[PDB]
Amino acid sequence: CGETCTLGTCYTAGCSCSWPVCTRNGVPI
């Protein structure tokens, strides 16, 4: 997702926070 989530939430579509990195399909893309 190329997105970090230091405050606990991801905003990129389909991405979820695995503090402190956003993941999609289980990977930080």
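Along the chain as shown, residues are numbered 1 onward.
Just so you know, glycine gets a Cβ as well, placed from its N, Cα and C.
Taken straight from Swiss-Prot:
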DISULFID  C1-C15  disulfide bond
DISULFID  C5-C17  disulfide bond
DISULFID  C10-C22  disulfide bond
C17 (disulfide bond) versus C1 (disulfide bond) - Cα distance in angstrom: 10
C15 (disulfide bond) and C22 (disulfide bond), Cα-Cα, nearest whole angstrom: 6
Return the count of C-beta atoms lying within 10 angstroms of the C-beta of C22 (disulfide bond), excluding that atom itself. 21
In whole Å, how far does the CA atom of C17 (disulfide bond) lie from that of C10 (disulfide bond)? 6
Using a 10 Å cut-off, grab the number of neighbouring Cβ atoms around the Cβ of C17 (disulfide bond), all chains included. 18
Given a separation of at least six residues and a C-beta threshold under 8 Å, show me what packs close to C15 (disulfide bond) in the same chain. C1, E3, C22, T23, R24
If you draw a 10 Å sphere around the Cβ of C1 (disulfide bond), how many other Cβ atoms fall inside it, taking every protein chain shown into account? 19
